[PDB]
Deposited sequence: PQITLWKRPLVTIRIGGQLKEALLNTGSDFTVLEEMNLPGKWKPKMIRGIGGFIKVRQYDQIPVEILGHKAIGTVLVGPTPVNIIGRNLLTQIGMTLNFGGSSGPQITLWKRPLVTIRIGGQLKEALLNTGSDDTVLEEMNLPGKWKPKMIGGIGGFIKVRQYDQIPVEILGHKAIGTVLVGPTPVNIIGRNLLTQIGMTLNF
């Protein structure tokens, strides 16, 4: 199958007869499910994203059915808005990014060109928007706030910025602010014709 990035790549998953909506997230090393009871031992862990860290419980060897595929591996449980299917399980069910083909065994980091500069950024199907670490871009910008861990984070919003990604030109909105990693979100992934596929 093929899954478009026009919208959030949400899929219903099932864990032990519990059915939950989850986001297919190439920007996530791990799978993070909203608070639920799971059987077995777990250990506390801290995971990072935009906004900071949240404390989760790490359960190993949890079966998760995803679009008719059986994944089994580590599931982190904690206070998240959206169930996130990360690369640990995506790789197991054979998910790839395509536009050529990019596998998910490693972080899907690519070189982009923006403002004459080369930067490394993460292809992130779990992000609506493209967010870069602090830099100077030419043009007007608007103050914007985006939702993070612990609350809203302040960013600068630049519109109609040319970005070259994997030999493809995009022109679109780039947010600049305190992200742990440069992320290419669905706004630009769609422009370069990226889809998720098994």
* In sequence order, what intervals of the deposited sequence carry no C-alpha positions? -> 100 to 104
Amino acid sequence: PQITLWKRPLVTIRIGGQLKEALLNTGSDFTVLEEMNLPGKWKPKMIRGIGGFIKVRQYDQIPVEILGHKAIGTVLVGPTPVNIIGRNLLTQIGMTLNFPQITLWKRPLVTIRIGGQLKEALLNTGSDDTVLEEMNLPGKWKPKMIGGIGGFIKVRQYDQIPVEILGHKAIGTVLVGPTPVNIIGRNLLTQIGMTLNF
From here on, numbers count along this sequence of modelled residues.
* Look up the CA B-factors in the entry and say which stretch, 15 to 23 or 170 to 178, has the higher mean. => 15 to 23
* Stretch with the greater mean C-alpha B-factor as recorded in the entry, comparing 105 to 113 against 75 to 83 -> 75 to 83
* **C-alpha B-factor winner, where the candidates are 60, 29, 164, 129** => 60
* Chain-relative CA temperature factor third for residue 137 -> highest
* Asked: Hey, what third does residue 36 fall into on Cα B-factor, ranked over its chain?
  -> highest
* Asked: Thinking about Cα B factors across the chain, which third does residue 2 belong to?
  -> highest
* Asked: With respect to C-alpha B-factor, does residue 50 fall in the lowest, middle or highest third of the chain as deposited?
  -> middle
* Structure fact -> By the entry's values, the third containing the CA B factor of residue 145 is the middle
